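Participant: Next up, data12.pdb (PDB, N, CA and C atoms).
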```pdb
ATOM      1  N   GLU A1036     -33.967  -3.886 -30.911
ATOM      2  CA  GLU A1036     -35.189  -3.212 -31.319
ATOM      3  C   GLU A1036     -35.462  -3.471 -32.795
ATOM      4  N   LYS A1037     -36.654  -3.063 -33.238
ATOM      5  CA  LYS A1037     -37.067  -3.299 -34.617
ATOM      6  C   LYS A1037     -36.091  -2.685 -35.607
ATOM      7  N   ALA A1038     -35.565  -1.507 -35.295
ATOM      8  CA  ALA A1038     -34.452  -0.950 -36.063
ATOM      9  C   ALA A1038     -33.665  -0.057 -35.106
ATOM     10  N   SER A1039     -32.641  -0.630 -34.485
ATOM     11  CA  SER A1039     -31.904   0.102 -33.466
ATOM     12  C   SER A1039     -30.689   0.824 -34.022
ATOM     13  N   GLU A1040     -29.943   0.180 -34.907
ATOM     14  CA  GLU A1040     -28.686   0.724 -35.390
ATOM     15  C   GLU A1040     -28.736   0.897 -36.896
ATOM     16  N   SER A1041     -28.258   2.040 -37.367
ATOM     17  CA  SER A1041     -27.967   2.181 -38.781
ATOM     18  C   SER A1041     -26.602   1.582 -39.063
ATOM     19  N   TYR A1042     -26.313   1.373 -40.341
ATOM     20  CA  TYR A1042     -25.148   0.579 -40.696
ATOM     21  C   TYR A1042     -24.831   0.746 -42.173
ATOM     22  N   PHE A1043     -23.585   1.090 -42.478
ATOM     23  CA  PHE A1043     -23.165   1.364 -43.844
ATOM     24  C   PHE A1043     -21.979   0.480 -44.196
ATOM     25  N   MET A1044     -22.099  -0.249 -45.298
ATOM     26  CA  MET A1044     -21.038  -1.119 -45.781
ATOM     27  C   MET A1044     -20.279  -0.395 -46.882
ATOM     28  N   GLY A1045     -18.973  -0.238 -46.694
ATOM     29  CA  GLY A1045     -18.121   0.390 -47.683
ATOM     30  C   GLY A1045     -17.816  -0.530 -48.845
ATOM     31  N   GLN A1046     -16.668  -0.300 -49.475
ATOM     32  CA  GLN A1046     -16.236  -1.078 -50.627
ATOM     33  C   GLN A1046     -14.977  -1.860 -50.285
ATOM     34  N   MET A1047     -14.951  -3.130 -50.678
ATOM     35  CA  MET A1047     -13.828  -3.991 -50.342
ATOM     36  C   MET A1047     -12.549  -3.482 -50.994
ATOM     37  N   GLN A1048     -11.417  -3.786 -50.362
ATOM     38  CA  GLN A1048     -10.120  -3.361 -50.860
ATOM     39  C   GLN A1048      -9.130  -4.510 -50.768
ATOM     40  N   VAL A1049      -8.227  -4.566 -51.741
ATOM     41  CA  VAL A1049      -7.158  -5.548 -51.763
ATOM     42  C   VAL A1049      -5.837  -4.830 -51.526
ATOM     43  N   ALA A1050      -4.833  -5.599 -51.110
ATOM     44  CA  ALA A1050      -3.519  -5.032 -50.817
ATOM     45  C   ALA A1050      -2.489  -6.142 -50.979
ATOM     46  N   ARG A1051      -1.755  -6.108 -52.082
ATOM     47  CA  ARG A1051      -0.747  -7.116 -52.364
ATOM     48  C   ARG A1051       0.601  -6.689 -51.811
ATOM     49  N   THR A1052       1.402  -7.678 -51.421
ATOM     50  CA  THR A1052       2.771  -7.410 -50.992
ATOM     51  C   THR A1052       3.614  -8.647 -51.277
ATOM     52  N   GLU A1053       4.629  -8.486 -52.119
ATOM     53  CA  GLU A1053       5.444  -9.618 -52.530
ATOM     54  C   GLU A1053       6.326 -10.085 -51.381
ATOM     55  N   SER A1054       6.664 -11.369 -51.393
ATOM     56  CA  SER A1054       7.427 -11.980 -50.312
ATOM     57  C   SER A1054       8.169 -13.187 -50.868
ATOM     58  N   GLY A1055       8.777 -13.952 -49.973
ATOM     59  CA  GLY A1055       9.486 -15.149 -50.374
ATOM     60  C   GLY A1055       8.582 -16.359 -50.461
ATOM     61  N   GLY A1056       7.823 -16.616 -49.400
ATOM     62  CA  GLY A1056       6.975 -17.789 -49.355
ATOM     63  C   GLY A1056       5.676 -17.641 -50.117
ATOM     64  N   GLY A1057       5.677 -16.823 -51.164
ATOM     65  CA  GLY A1057       4.486 -16.665 -51.972
ATOM     66  C   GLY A1057       3.971 -15.245 -52.048
ATOM     67  N   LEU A1058       2.782 -15.008 -51.502
ATOM     68  CA  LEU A1058       2.150 -13.706 -51.637
ATOM     69  C   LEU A1058       1.111 -13.532 -50.541
ATOM     70  N   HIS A1059       1.038 -12.321 -50.002
ATOM     71  CA  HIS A1059       0.084 -11.966 -48.965
ATOM     72  C   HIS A1059      -0.993 -11.079 -49.567
ATOM     73  N   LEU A1060      -2.248 -11.363 -49.234
ATOM     74  CA  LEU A1060      -3.400 -10.762 -49.900
ATOM     75  C   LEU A1060      -4.362 -10.167 -48.887
ATOM     76  N   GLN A1061      -3.842  -9.358 -47.971
ATOM     77  CA  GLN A1061      -4.682  -8.709 -46.972
ATOM     78  C   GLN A1061      -5.830  -7.956 -47.630
ATOM     79  N   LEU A1062      -7.055  -8.359 -47.304
ATOM     80  CA  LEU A1062      -8.267  -7.810 -47.898
ATOM     81  C   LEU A1062      -9.073  -7.138 -46.797
ATOM     82  N   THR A1063      -9.427  -5.870 -46.999
ATOM     83  CA  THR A1063     -10.092  -5.080 -45.971
ATOM     84  C   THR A1063     -11.378  -4.461 -46.505
ATOM     85  N   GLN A1064     -12.189  -3.956 -45.572
ATOM     86  CA  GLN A1064     -13.466  -3.327 -45.876
ATOM     87  C   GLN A1064     -13.895  -2.424 -44.727
ATOM     88  N   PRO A1065     -14.129  -1.137 -44.971
ATOM     89  CA  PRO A1065     -14.517  -0.224 -43.895
ATOM     90  C   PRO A1065     -16.025  -0.112 -43.748
ATOM     91  N   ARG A1066     -16.454   0.131 -42.511
ATOM     92  CA  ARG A1066     -17.867   0.112 -42.161
ATOM     93  C   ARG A1066     -18.138   1.198 -41.129
ATOM     94  N   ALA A1067     -19.410   1.576 -41.002
ATOM     95  CA  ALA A1067     -19.790   2.645 -40.090
ATOM     96  C   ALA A1067     -21.155   2.347 -39.490
ATOM     97  N   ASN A1068     -21.428   2.975 -38.348
ATOM     98  CA  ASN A1068     -22.682   2.748 -37.642
ATOM     99  C   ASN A1068     -23.017   3.970 -36.805
ATOM    100  N   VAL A1069     -24.276   4.038 -36.375
ATOM    101  CA  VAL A1069     -24.733   5.070 -35.451
ATOM    102  C   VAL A1069     -26.118   4.691 -34.943
ATOM    103  N   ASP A1070     -26.402   4.967 -33.674
ATOM    104  CA  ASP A1070     -27.755   4.747 -33.188
ATOM    105  C   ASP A1070     -28.618   5.967 -33.481
ATOM    106  N   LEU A1071     -29.928   5.757 -33.480
ATOM    107  CA  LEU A1071     -30.854   6.826 -33.824
ATOM    108  C   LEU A1071     -31.808   7.167 -32.693
ATOM    109  N   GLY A1072     -32.514   6.177 -32.155
ATOM    110  CA  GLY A1072     -33.589   6.469 -31.228
ATOM    111  C   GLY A1072     -33.092   7.140 -29.963
ATOM    112  N   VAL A1073     -33.928   8.026 -29.426
ATOM    113  CA  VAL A1073     -33.646   8.621 -28.130
ATOM    114  C   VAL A1073     -33.782   7.551 -27.056
ATOM    115  N   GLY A1074     -33.022   7.702 -25.983
ATOM    116  CA  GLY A1074     -33.015   6.673 -24.975
ATOM    117  C   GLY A1074     -32.217   5.471 -25.448
ATOM    118  N   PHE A1075     -32.277   4.422 -24.646
ATOM    119  CA  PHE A1075     -31.512   3.227 -24.941
ATOM    120  C   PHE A1075     -32.285   2.321 -25.892
ATOM    121  N   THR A1076     -31.575   1.345 -26.458
ATOM    122  CA  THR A1076     -32.205   0.413 -27.383
ATOM    123  C   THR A1076     -31.717  -1.019 -27.196
ATOM    124  N   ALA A1077     -31.143  -1.346 -26.044
ATOM    125  CA  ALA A1077     -30.683  -2.703 -25.784
ATOM    126  C   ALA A1077     -30.433  -2.852 -24.294
ATOM    127  N   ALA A1078     -30.320  -4.100 -23.849
ATOM    128  CA  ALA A1078     -30.169  -4.359 -22.426
ATOM    129  C   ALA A1078     -29.506  -5.710 -22.210
ATOM    130  N   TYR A1079     -28.979  -5.889 -21.007
ATOM    131  CA  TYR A1079     -28.453  -7.171 -20.580
ATOM    132  C   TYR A1079     -29.559  -8.032 -19.997
ATOM    133  N   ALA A1080     -29.199  -9.281 -19.718
ATOM    134  CA  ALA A1080     -29.922 -10.092 -18.748
ATOM    135  C   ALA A1080     -28.949 -11.182 -18.306
ATOM    136  N   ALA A1081     -28.382 -11.026 -17.113
ATOM    137  CA  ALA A1081     -27.482 -12.041 -16.577
ATOM    138  C   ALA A1081     -28.345 -13.238 -16.196
ATOM    139  N   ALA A1082     -28.614 -14.083 -17.189
ATOM    140  CA  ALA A1082     -29.623 -15.119 -17.008
ATOM    141  C   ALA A1082     -29.125 -16.226 -16.094
ATOM    142  N   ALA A1083     -28.097 -16.943 -16.517
ATOM    143  CA  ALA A1083     -27.629 -18.112 -15.794
ATOM    144  C   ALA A1083     -26.213 -17.872 -15.291
ATOM    145  N   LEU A1084     -25.658 -18.892 -14.648
ATOM    146  CA  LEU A1084     -24.361 -18.789 -13.993
ATOM    147  C   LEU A1084     -23.481 -19.934 -14.463
TER     148      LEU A1084
ATOM    149  N   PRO B 100      54.021  30.450-103.881
ATOM    150  CA  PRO B 100      53.111  29.322-104.116
ATOM    151  C   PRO B 100      51.794  29.491-103.376
ATOM    152  N   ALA B 101      50.744  28.918-103.955
ATOM    153  CA  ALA B 101      49.399  29.124-103.448
ATOM    154  C   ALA B 101      49.208  28.394-102.121
ATOM    155  N   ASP B 102      47.989  28.472-101.609
ATOM    156  CA  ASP B 102      47.600  27.794-100.388
ATOM    157  C   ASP B 102      46.448  26.846-100.683
ATOM    158  N   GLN B 103      46.321  25.852 -99.871
ATOM    159  CA  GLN B 103      45.233  24.913-100.052
ATOM    160  C   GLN B 103      44.134  25.163 -99.025
ATOM    161  N   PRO B 104      42.888  24.866 -99.362
ATOM    162  CA  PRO B 104      41.810  25.024 -98.378
ATOM    163  C   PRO B 104      41.893  23.969 -97.294
ATOM    164  N   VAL B 105      42.324  24.361 -96.098
ATOM    165  CA  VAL B 105      42.449  23.403 -95.008
ATOM    166  C   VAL B 105      41.093  23.211 -94.351
ATOM    167  N   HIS B 106      40.971  22.147 -93.565
ATOM    168  CA  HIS B 106      39.797  21.919 -92.741
ATOM    169  C   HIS B 106      40.198  20.984 -91.613
ATOM    170  N   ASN B 107      39.359  20.936 -90.587
ATOM    171  CA  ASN B 107      39.618  20.124 -89.410
ATOM    172  C   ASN B 107      38.477  19.136 -89.201
ATOM    173  N   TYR B 108      38.666  18.253 -88.227
ATOM    174  CA  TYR B 108      37.677  17.230 -87.918
ATOM    175  C   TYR B 108      37.542  17.119 -86.411
ATOM    176  N   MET B 109      36.304  17.168 -85.927
ATOM    177  CA  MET B 109      36.032  17.169 -84.499
ATOM    178  C   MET B 109      35.142  15.994 -84.130
ATOM    179  N   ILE B 110      35.496  15.340 -83.028
ATOM    180  CA  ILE B 110      34.766  14.204 -82.487
ATOM    181  C   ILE B 110      34.252  14.606 -81.115
ATOM    182  N   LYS B 111      32.949  14.451 -80.893
ATOM    183  CA  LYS B 111      32.338  14.830 -79.629
ATOM    184  C   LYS B 111      31.550  13.664 -79.046
ATOM    185  N   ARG B 112      31.420  13.668 -77.720
ATOM    186  CA  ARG B 112      30.796  12.586 -76.972
ATOM    187  C   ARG B 112      29.464  13.043 -76.393
ATOM    188  N   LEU B 113      28.529  12.106 -76.268
ATOM    189  CA  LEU B 113      27.201  12.384 -75.732
ATOM    190  C   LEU B 113      27.161  11.979 -74.261
ATOM    191  N   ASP B 114      27.079  12.967 -73.375
ATOM    192  CA  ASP B 114      27.042  12.725 -71.938
ATOM    193  C   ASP B 114      25.593  12.546 -71.497
ATOM    194  N   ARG B 115      25.319  11.449 -70.800
ATOM    195  CA  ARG B 115      23.958  11.037 -70.489
ATOM    196  C   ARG B 115      23.573  11.404 -69.062
ATOM    197  N   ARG B 116      22.371  11.955 -68.913
ATOM    198  CA  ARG B 116      21.742  12.163 -67.621
ATOM    199  C   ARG B 116      20.286  11.743 -67.742
ATOM    200  N   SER B 117      19.547  11.873 -66.645
ATOM    201  CA  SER B 117      18.131  11.537 -66.643
ATOM    202  C   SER B 117      17.470  12.219 -65.459
ATOM    203  N   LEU B 118      16.254  12.703 -65.669
ATOM    204  CA  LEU B 118      15.471  13.310 -64.608
ATOM    205  C   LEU B 118      14.289  12.415 -64.267
ATOM    206  N   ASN B 119      13.762  12.601 -63.063
ATOM    207  CA  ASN B 119      12.598  11.841 -62.640
ATOM    208  C   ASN B 119      11.759  12.682 -61.693
ATOM    209  N   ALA B 120      10.459  12.399 -61.684
ATOM    210  CA  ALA B 120       9.523  13.008 -60.755
ATOM    211  C   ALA B 120       8.454  11.982 -60.427
ATOM    212  N   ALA B 121       7.693  12.245 -59.369
ATOM    213  CA  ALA B 121       6.717  11.266 -58.926
ATOM    214  C   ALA B 121       5.588  11.955 -58.184
ATOM    215  N   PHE B 122       4.468  11.247 -58.096
ATOM    216  CA  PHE B 122       3.321  11.645 -57.299
ATOM    217  C   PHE B 122       2.749  10.383 -56.672
ATOM    218  N   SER B 123       1.527  10.474 -56.161
ATOM    219  CA  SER B 123       0.863   9.312 -55.593
ATOM    220  C   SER B 123      -0.634   9.438 -55.810
ATOM    221  N   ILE B 124      -1.384   8.598 -55.100
ATOM    222  CA  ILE B 124      -2.837   8.619 -55.151
ATOM    223  C   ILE B 124      -3.340   7.809 -53.967
ATOM    224  N   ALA B 125      -4.449   8.254 -53.378
ATOM    225  CA  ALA B 125      -4.917   7.713 -52.109
ATOM    226  C   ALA B 125      -5.813   6.501 -52.323
ATOM    227  N   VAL B 126      -5.597   5.468 -51.504
ATOM    228  CA  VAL B 126      -6.320   4.209 -51.672
ATOM    229  C   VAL B 126      -7.822   4.427 -51.606
ATOM    230  N   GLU B 127      -8.265   5.442 -50.868
ATOM    231  CA  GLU B 127      -9.697   5.687 -50.753
ATOM    232  C   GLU B 127     -10.275   6.186 -52.070
ATOM    233  N   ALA B 128      -9.487   6.928 -52.846
ATOM    234  CA  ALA B 128      -9.943   7.482 -54.112
ATOM    235  C   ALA B 128      -9.516   6.649 -55.313
ATOM    236  N   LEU B 129      -9.091   5.403 -55.102
ATOM    237  CA  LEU B 129      -8.712   4.551 -56.227
ATOM    238  C   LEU B 129      -9.946   4.007 -56.937
ATOM    239  N   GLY B 130     -10.729   3.190 -56.236
ATOM    240  CA  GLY B 130     -11.900   2.580 -56.834
ATOM    241  C   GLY B 130     -13.012   3.549 -57.153
ATOM    242  N   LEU B 131     -12.929   4.775 -56.647
ATOM    243  CA  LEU B 131     -13.919   5.783 -56.982
ATOM    244  C   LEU B 131     -13.833   6.189 -58.448
ATOM    245  N   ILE B 132     -12.682   5.991 -59.086
ATOM    246  CA  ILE B 132     -12.471   6.476 -60.444
ATOM    247  C   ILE B 132     -12.742   5.368 -61.452
ATOM    248  N   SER B 133     -11.962   4.291 -61.383
ATOM    249  CA  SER B 133     -12.079   3.236 -62.380
ATOM    250  C   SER B 133     -13.178   2.237 -62.044
ATOM    251  N   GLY B 134     -13.634   2.206 -60.795
ATOM    252  CA  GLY B 134     -14.632   1.239 -60.381
ATOM    253  C   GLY B 134     -15.942   1.363 -61.127
ATOM    254  N   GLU B 135     -16.275   0.348 -61.921
ATOM    255  CA  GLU B 135     -17.502   0.342 -62.702
ATOM    256  C   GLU B 135     -18.674  -0.269 -61.944
ATOM    257  N   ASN B 136     -18.595  -0.323 -60.614
ATOM    258  CA  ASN B 136     -19.712  -0.816 -59.817
ATOM    259  C   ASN B 136     -20.783   0.249 -59.622
ATOM    260  N   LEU B 137     -20.392   1.519 -59.631
ATOM    261  CA  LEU B 137     -21.317   2.624 -59.402
ATOM    262  C   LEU B 137     -22.297   2.712 -60.564
ATOM    263  N   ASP B 138     -23.565   2.391 -60.308
ATOM    264  CA  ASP B 138     -24.510   2.186 -61.405
ATOM    265  C   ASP B 138     -25.144   3.485 -61.895
ATOM    266  N   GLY B 139     -25.938   4.140 -61.051
ATOM    267  CA  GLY B 139     -26.849   5.141 -61.571
ATOM    268  C   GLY B 139     -26.637   6.594 -61.198
ATOM    269  N   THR B 140     -26.179   6.867 -59.985
ATOM    270  CA  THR B 140     -26.094   8.241 -59.512
ATOM    271  C   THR B 140     -24.699   8.653 -59.074
ATOM    272  N   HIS B 141     -23.905   7.733 -58.535
ATOM    273  CA  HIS B 141     -22.542   8.057 -58.147
ATOM    274  C   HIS B 141     -21.629   8.322 -59.340
ATOM    275  N   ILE B 142     -22.037   7.952 -60.555
ATOM    276  CA  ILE B 142     -21.213   8.232 -61.724
ATOM    277  C   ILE B 142     -21.162   9.714 -62.043
ATOM    278  N   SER B 143     -22.116  10.496 -61.541
ATOM    279  CA  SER B 143     -22.140  11.940 -61.737
ATOM    280  C   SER B 143     -22.195  12.683 -60.407
ATOM    281  N   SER B 144     -21.655  12.081 -59.352
ATOM    282  CA  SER B 144     -21.665  12.710 -58.044
ATOM    283  C   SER B 144     -20.714  13.901 -58.032
ATOM    284  N   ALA B 145     -20.596  14.537 -56.871
ATOM    285  CA  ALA B 145     -19.661  15.645 -56.722
ATOM    286  C   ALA B 145     -18.272  15.174 -56.308
ATOM    287  N   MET B 146     -18.190  14.159 -55.447
ATOM    288  CA  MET B 146     -16.884  13.669 -55.021
ATOM    289  C   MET B 146     -16.133  12.991 -56.160
ATOM    290  N   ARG B 147     -16.844  12.376 -57.110
ATOM    291  CA  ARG B 147     -16.144  11.804 -58.253
ATOM    292  C   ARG B 147     -15.491  12.893 -59.087
ATOM    293  N   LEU B 148     -16.247  13.945 -59.404
ATOM    294  CA  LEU B 148     -15.673  15.121 -60.042
ATOM    295  C   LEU B 148     -14.462  15.621 -59.269
TER     296      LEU B 148
END
```
Can you dump the structure from the file as structure tokens?
Facilitator:
Amino acid sequence: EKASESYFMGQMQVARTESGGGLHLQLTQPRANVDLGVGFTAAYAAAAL
Amino acid sequence: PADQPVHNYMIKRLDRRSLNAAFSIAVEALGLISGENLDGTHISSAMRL
């Protein structure tokens, strides 16, 4: 739909952890969503096979 | 015969100990404090306080 889902982007995060073969840099970011309109706002179509 | 003014000499040792304490801080509230990305309104929000 023209605007079906709301959507919020959080703030990126870093996470260091020392190791032998160098360094691990797991980088994460949290996000959120919610629908607004009453009724549905999307559909399938099993088009081809 | 008279007496002389006596005196003694004492040697003492310094016994060493040490105390420690600790706290923490939550990853979610890390960048909320030092993060200089917050431009205009989050710098005086309620959650920052």
Participant: For the file shown, what are the residues hit by the ChimeraX specification (/B@CA @<10) & /A@CA, laid out as a list in words?
Facilitator: residues 1046, 1047, 1048, 1049 and 1050 of chain A
Participant: Assign secondary structure with DSSP using the backbone only, and return the residues of chain A in strand (DSSP E) as an mmCIF file with N, CA and C atoms, keeping the file's coordinate frame.
Facilitator:
```
data_model
loop_
_atom_site.group_PDB
_atom_site.id
_atom_site.type_symbol
_atom_site.label_atom_id
_atom_site.label_comp_id
_atom_site.auth_asym_id
_atom_site.auth_seq_id
_atom_site.Cartn_x
_atom_site.Cartn_y
_atom_site.Cartn_z
ATOM 1 N N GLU A 1040 -29.943 0.180 -34.907
ATOM 2 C CA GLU A 1040 -28.686 0.724 -35.390
ATOM 3 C C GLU A 1040 -28.736 0.897 -36.896
ATOM 4 N N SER A 1041 -28.258 2.040 -37.367
ATOM 5 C CA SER A 1041 -27.967 2.181 -38.781
ATOM 6 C C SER A 1041 -26.602 1.582 -39.063
ATOM 7 N N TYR A 1042 -26.313 1.373 -40.341
ATOM 8 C CA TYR A 1042 -25.148 0.579 -40.696
ATOM 9 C C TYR A 1042 -24.831 0.746 -42.173
ATOM 10 N N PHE A 1043 -23.585 1.090 -42.478
ATOM 11 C CA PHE A 1043 -23.165 1.364 -43.844
ATOM 12 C C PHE A 1043 -21.979 0.480 -44.196
ATOM 13 N N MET A 1044 -22.099 -0.249 -45.298
ATOM 14 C CA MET A 1044 -21.038 -1.119 -45.781
ATOM 15 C C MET A 1044 -20.279 -0.395 -46.882
ATOM 16 N N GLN A 1048 -11.417 -3.786 -50.362
ATOM 17 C CA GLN A 1048 -10.120 -3.361 -50.860
ATOM 18 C C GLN A 1048 -9.130 -4.510 -50.768
ATOM 19 N N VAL A 1049 -8.227 -4.566 -51.741
ATOM 20 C CA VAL A 1049 -7.158 -5.548 -51.763
ATOM 21 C C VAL A 1049 -5.837 -4.830 -51.526
ATOM 22 N N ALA A 1050 -4.833 -5.599 -51.110
ATOM 23 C CA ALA A 1050 -3.519 -5.032 -50.817
ATOM 24 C C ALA A 1050 -2.489 -6.142 -50.979
ATOM 25 N N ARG A 1051 -1.755 -6.108 -52.082
ATOM 26 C CA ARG A 1051 -0.747 -7.116 -52.364
ATOM 27 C C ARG A 1051 0.601 -6.689 -51.811
ATOM 28 N N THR A 1052 1.402 -7.678 -51.421
ATOM 29 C CA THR A 1052 2.771 -7.410 -50.992
ATOM 30 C C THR A 1052 3.614 -8.647 -51.277
ATOM 31 N N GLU A 1053 4.629 -8.486 -52.119
ATOM 32 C CA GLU A 1053 5.444 -9.618 -52.530
ATOM 33 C C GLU A 1053 6.326 -10.085 -51.381
ATOM 34 N N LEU A 1058 2.782 -15.008 -51.502
ATOM 35 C CA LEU A 1058 2.150 -13.706 -51.637
ATOM 36 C C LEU A 1058 1.111 -13.532 -50.541
ATOM 37 N N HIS A 1059 1.038 -12.321 -50.002
ATOM 38 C CA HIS A 1059 0.084 -11.966 -48.965
ATOM 39 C C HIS A 1059 -0.993 -11.079 -49.567
ATOM 40 N N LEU A 1060 -2.248 -11.363 -49.234
ATOM 41 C CA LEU A 1060 -3.400 -10.762 -49.900
ATOM 42 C C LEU A 1060 -4.362 -10.167 -48.887
ATOM 43 N N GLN A 1061 -3.842 -9.358 -47.971
ATOM 44 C CA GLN A 1061 -4.682 -8.709 -46.972
ATOM 45 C C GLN A 1061 -5.830 -7.956 -47.630
ATOM 46 N N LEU A 1062 -7.055 -8.359 -47.304
ATOM 47 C CA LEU A 1062 -8.267 -7.810 -47.898
ATOM 48 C C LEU A 1062 -9.073 -7.138 -46.797
ATOM 49 N N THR A 1063 -9.427 -5.870 -46.999
ATOM 50 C CA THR A 1063 -10.092 -5.080 -45.971
ATOM 51 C C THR A 1063 -11.378 -4.461 -46.505
ATOM 52 N N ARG A 1066 -16.454 0.131 -42.511
ATOM 53 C CA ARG A 1066 -17.867 0.112 -42.161
ATOM 54 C C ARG A 1066 -18.138 1.198 -41.129
ATOM 55 N N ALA A 1067 -19.410 1.576 -41.002
ATOM 56 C CA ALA A 1067 -19.790 2.645 -40.090
ATOM 57 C C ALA A 1067 -21.155 2.347 -39.490
ATOM 58 N N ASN A 1068 -21.428 2.975 -38.348
ATOM 59 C CA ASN A 1068 -22.682 2.748 -37.642
ATOM 60 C C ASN A 1068 -23.017 3.970 -36.805
ATOM 61 N N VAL A 1069 -24.276 4.038 -36.375
ATOM 62 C CA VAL A 1069 -24.733 5.070 -35.451
ATOM 63 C C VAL A 1069 -26.118 4.691 -34.943
ATOM 64 N N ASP A 1070 -26.402 4.967 -33.674
ATOM 65 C CA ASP A 1070 -27.755 4.747 -33.188
ATOM 66 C C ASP A 1070 -28.618 5.967 -33.481
#
```
Participant: At a cut-off of 8 Å, using only C-alpha atoms, what residues contact residue 1043 of chain A? Leave out same-chain residues fewer than 4 positions from it and give the result as a PDB file with N, CA and C atoms, in the coordinates of the input.
Facilitator:
```
ATOM      1  N   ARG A1066     -16.454   0.131 -42.511  1.00  0.00           N
ATOM      2  CA  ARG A1066     -17.867   0.112 -42.161  1.00  0.00           C
ATOM      3  C   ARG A1066     -18.138   1.198 -41.129  1.00  0.00           C
ATOM      4  N   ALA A1067     -19.410   1.576 -41.002  1.00  0.00           N
ATOM      5  CA  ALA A1067     -19.790   2.645 -40.090  1.00  0.00           C
ATOM      6  C   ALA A1067     -21.155   2.347 -39.490  1.00  0.00           C
ATOM      7  N   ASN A1068     -21.428   2.975 -38.348  1.00  0.00           N
ATOM      8  CA  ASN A1068     -22.682   2.748 -37.642  1.00  0.00           C
ATOM      9  C   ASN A1068     -23.017   3.970 -36.805  1.00  0.00           C
TER      10      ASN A1068
END
```
Participant: Find, counting all atoms listed in the file, the residue in A:1055, A:1083, A:1070, A:1065 that gets nearest to residue 1038 of chain A.
Facilitator: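 Ranking A:1055, A:1083, A:1070, A:1065 by distance to residue 1038 of chain A, first place goes to A:1070.
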Participant: Would you work out the distance separating atom C of residue 1060 of chain A from atom N of residue 134 of chain B, expressed in Å to one decimal?
Facilitator: 19.5 Å
Participant: Using only the atoms of segment 137-147 of chain B listed in the file, plus 3 Å on each side, state the axis-aligned box centre and edge lengths in Å rounded to one decimal, as JSON.
Facilitator:
```
{"center_x": -21.2, "center_y": 8.6, "center_z": -58.5, "size_x": 17.4, "size_y": 20.1, "size_z": 13.0}
```
Participant: Which residues in chain B does DSSP call alpha helix (DSSP H)? List them as a list in words.
Facilitator: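 These are the residues in question: residues 130, 131, 132 and 133 of chain B.
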Participant: To verify the selection step, state as a ChimeraX atom specification which residues the PyMOL selection byres (((chain A and resi 1074-1081 and name CA) around 10) and name CA) yields on this input.
Facilitator: /A:1036-1040,1070-1073,1082-1084
Participant: Report the distance between atom C of residue 125 of chain B and atom C of residue 139 of chain B in Å, rounded to one decimal place.
Facilitator: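 Calculated distance between atom C of residue 125 of chain B and atom C of residue 139 of chain B is 22.6 Å.
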Participant: In Å, how far is it from atom CA of residue 133 of chain B to atom CA of residue 148 of chain B?
Facilitator: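 Distance reported for this atom pair: 12.6 Å.
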